[PDB]
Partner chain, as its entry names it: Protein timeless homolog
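A single chain comes next, written as structure tokens; it is the form solved without the partner chain.
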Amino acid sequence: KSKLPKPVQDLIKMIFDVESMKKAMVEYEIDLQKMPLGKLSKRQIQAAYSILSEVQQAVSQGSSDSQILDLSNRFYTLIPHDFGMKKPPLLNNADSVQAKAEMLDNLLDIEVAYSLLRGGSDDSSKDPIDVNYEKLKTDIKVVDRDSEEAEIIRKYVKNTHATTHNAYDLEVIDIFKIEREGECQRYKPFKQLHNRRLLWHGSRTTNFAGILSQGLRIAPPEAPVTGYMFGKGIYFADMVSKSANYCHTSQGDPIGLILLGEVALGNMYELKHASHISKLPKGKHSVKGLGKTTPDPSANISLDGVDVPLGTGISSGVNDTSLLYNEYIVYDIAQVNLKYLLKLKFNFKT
């Protein structure tokens, strides 16, 4: 039997749950009879991204519905969808491309989780929780609820829940301090960079085995750059609720996971509207999508020499922006050092 703390054991059980992976796939309209969890491969997902890029080229070139039909059909051939003997809906716009790009990002992490579960050794004398913990190559510790780091984290959660995201409230269940093997070494060129911030990253529970084993990643070269507001980078928020929305929790699944990462932002390229970029302008280290609301800058605190924007939301003074809240994007995976993982209970008021 495992000697790991019970919250860590529960975390391991949640992220390696095969039934949750199947549920995420069903939620995406994937046909599990034609494409089961065991049949998903990087190769297949990459080919589907490539086809999605062919679809975005046709939609931006102003091709007709009759013209896009074969391209749309091609995507469904690669990623079978649950439509029986009926015709699938046509993928003929930016919204459908974005929705499918997001789905493939999820399938990529699910494939990683399933590969870990299948690519190791079998020893019934060992607790499978300990076995699965070892596959993450991540030191996971429970943060003491009475510690200063827990107090700062709780304040960050308490103060940055947006009024527009009030259909639920958040209860912090557990706070974990995480250390991905080799990440400290990888982050070394950015460890003293100016404008290092502690930011939120929300994701579906089914993506966490991938995130902990591989770190936060950028969509592959095959992925459509127009499938993401600021292109192919790693996205963070300074508002807990903005990132919590990306956990995709519900009344039937109200427990989610959120990350706190130290992000080396450096010289920020400030944008108010979509810019589908792959690379940054010279001398820029990140993109800051300017929100109408920002955490109060006077309330900014330092945790282990990193800025924590835990102030309550105030007007940024930014006019005519597509964003209600800030978002930060890095285009080099080495600019992220994951620090904490929170298990949240979503209390839906609706």
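Positions refer to the first chain, counted from 1.
Just so you know, the form deposited with the partner chain bound exists too; it's not on screen, but the next bit is about it.
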- Residue contact check: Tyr76 to the partner chain in the deposited complex, 4.5 Å heavy atom: no
- Find out whether any non-hydrogen atom of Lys126 is located within 4.5 angstroms of the partner chain in the deposited complex, and reply yes or no. no
- Message: Can you tell me whether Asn267 touches the partner chain? I mean in the deposited complex, with a 4.5 angstroms heavy atom cut-off.
- Response: yes
- Partner contact for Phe176 in the deposited complex: the partner chain, 4.5 angstroms, heavy atom: no
- State the residue from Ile218, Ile258, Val157, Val143 whose non-hydrogen atoms include one within 4.5 Å of the partner chain in the deposited complex. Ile218
- Note on the structure: Partner-free chain; cross-checking the partner chain in the deposited complex, the single residue of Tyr114, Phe190, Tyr246, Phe208 with a heavy atom within 4.5 Å is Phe190
- Item | Site check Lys279, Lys282 and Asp332: each within 4.5 Å of the partner chain in the deposited complex by heavy atom | yes
